[PDB]
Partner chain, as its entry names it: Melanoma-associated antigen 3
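Shown here is one chain on its own, the form deposited without its partner chain, set out as structure tokens.
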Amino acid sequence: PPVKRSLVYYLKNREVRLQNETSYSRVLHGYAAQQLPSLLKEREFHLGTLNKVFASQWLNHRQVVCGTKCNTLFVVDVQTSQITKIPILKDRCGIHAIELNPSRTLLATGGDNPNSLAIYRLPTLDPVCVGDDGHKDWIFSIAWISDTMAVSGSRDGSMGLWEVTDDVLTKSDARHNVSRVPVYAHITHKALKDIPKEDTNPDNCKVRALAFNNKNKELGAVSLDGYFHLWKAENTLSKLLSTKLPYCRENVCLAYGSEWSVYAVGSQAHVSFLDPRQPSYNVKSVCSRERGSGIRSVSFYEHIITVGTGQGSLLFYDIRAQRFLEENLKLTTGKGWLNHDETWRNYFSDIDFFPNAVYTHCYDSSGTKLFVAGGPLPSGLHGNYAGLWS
């Protein structure tokens, strides 16, 4: 017996209220995921003179926070383009990673000290706690394994595990009631564990991406020498396995698709699809064709993967069709802004535009609004880009 899957059944049944419920959920949102990329138009934001928006997420359907290579943190109201800056959390450089706990009660970011983790309350972005000392080097990644516990990776290859217990929250609240100036709660790593070091370059131990599989309570992790490390995260951080990525350079982004049990991983050219339990041959990869520029962020909306590239193009890949959506359909980031200091003067003397690399992008809670941000691809350049697409 075949499945009742046509949207016209759903529409007529809905006209009849004949159980037009979740049985059609995957059909409704899946259809949208294929259609939406062709309907999007760019709306750039006037951010001013900021360096590069390196991280961003939807706090709410209308609100996106942006974390910068230059340690300022702020909100873009995507509707009005209004800016509002947020406190930058210090210890007891830039905001290269940002994360939300699954309850959407806590925000996690890199701190003032690039080595230290920062926590804020959702939705107010009240500060919660001080920066730690678990990493001896910069915090390169974050992932929420419960609503009290988050794991953070680092450029030294260590992985700090943290718990914001109720005591941390109540201490922050009590302190904020006694003192008019915000005074933070104190935190320390519940565990500090290093990655297995493989046959690749021993100075390049950098752990640049993390993603939490809520179903198996597994934590995925990716290094820039090209290795994935898998950890159990039920109540504590525990190694399960480690394995090489099929593209072994510039793996700066990782996302986990709970509807497909698979992690999507970036690189200098390809998006790779991993179930970490499977052998290396069961790891299929699609090339962005924006070759030389790197994939710079990645995300899932039903069976469609959104790929932000170093050439500033956003590509959309269909798992089921095993191809990009349509002559691939791609948005491309506008000029944004660019500073003309001595560094540009020395090395980029005649370039007035950069194909603004998509350092961060995310879908709103409906998926109809795709926030996008970035800047120039090379390392010496200073020049933000941001724009909503809708």
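Residue numbers count along the first chain shown, from 1.
Another form exists, deposited with its partner chain bound; not displayed. Remarks below refer to it.
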{"item": "Position in contact with its partner chain when the complex is considered in the bound PDB entry, options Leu241, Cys93, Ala174, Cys287, heavy atoms within 4.5 Å", "value": "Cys93"}
{"item": "Candidate from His270, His229, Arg155, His189 lying within 4.5 Å of its partner chain in the bound PDB entry - any heavy atom", "value": "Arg155"}
{"item": "Touches its partner chain in the bound PDB entry: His135 (any heavy atom, 4.5 Å)", "value": "no"}
{"item": "Any non-hydrogen atom of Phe348 within 4.5 angstroms of its partner chain in the bound PDB entry", "value": "yes"}
{"item": "Contact of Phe140 with its partner chain in the bound PDB entry (heavy atom, 4.5 Å)", "value": "yes"}
{"item": "Contact label in the bound PDB entry: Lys69 to its partner chain, heavy atom within 4.5 Å", "value": "yes"}
{"item": "Joint contact, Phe54, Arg296 and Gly380 to its partner chain in the bound PDB entry, by non-hydrogen atom at 4.5 Å", "value": "yes"}
